[PDB]
Each structure stands twice: as C-alpha cells, then as structure tokens.
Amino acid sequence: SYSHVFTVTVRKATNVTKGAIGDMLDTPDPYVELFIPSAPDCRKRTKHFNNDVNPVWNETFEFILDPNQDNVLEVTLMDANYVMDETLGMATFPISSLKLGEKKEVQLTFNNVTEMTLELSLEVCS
C-alpha cells in the first residue's frame, strides 16, 4: 500500500552553469524536475526563470510512497529552451535515509560548482 507522504520543497539554486562556452551562448534559464520511479505520479517540475543563474522557486511537491518499494529521488537541473531543453545535471537522494516525522534541509551539487537547496520531509498518510 502507498501510505508514506514524501514532501519536497525546491527552494533555490546558486551559480547554475552550462559551462564556460555554454554560458556565453545562453544564460541558463533554469527549472528543476523531480522523478521517483516507484511513485504513482512519476514526474514533476518547477517553473523556469529566464536568465537567472541563482533562481529562487520555493515550490512544494508531494509524492505518495510505498514503504516496501525502493524509493529513490532523482533531481534534474534543467535549462529551458524554445527548441529542446538541456539537461545540466542530475543528483539522487535515497529516501530510505529519512525517517518519519523528520524534516531536513538538503544541499545538492551539480557540475562541482552549482548548488541547490531542498527541504525534504516524510510523514504517514493519516
């Protein structure tokens, strides 16, 4: 049964970059995408901001999790385009590291120089 509520708040990122050459062509237009393969709603995403290497989203998402399935959070940092969007990086979070009732601020890192702040919590359905 799916009985665990996994809340993810994507707060902000700092120094988003496509690389030296990539940034010269196009200032990153970042959004974040959240993916849990084991969850019933697999994929979610934040809005994008144009031309902002330190975007602030403060968007909150809720997943419904099965405690008996392997649940892993995939966080993808994206650059929006008119053409096809570009994947800048990906970081994973083992949700099995959290414990019920726990709320935690997690900082992820992309391409060594980019950081992202998340706030993760886990509760029962009620």
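Start at 1 with the first residue shown and count on from there.
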property	result
Higher-B stretch (mean Cα B-factor, as the entry records it), 21-29 or 113-121	113-121
Stretch exceeding the other in mean C-alpha B-factor - 55-63, 97-105	97-105
Residue with maximal Cα B-factor (values as given in the PDB entry) among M78, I36, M84, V75	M84
Third of the chain, ranked by Cα B-factor, where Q69 sits	highest
CA B-factor placement of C42, once the chain's modelled residues are sorted into thirds	highest
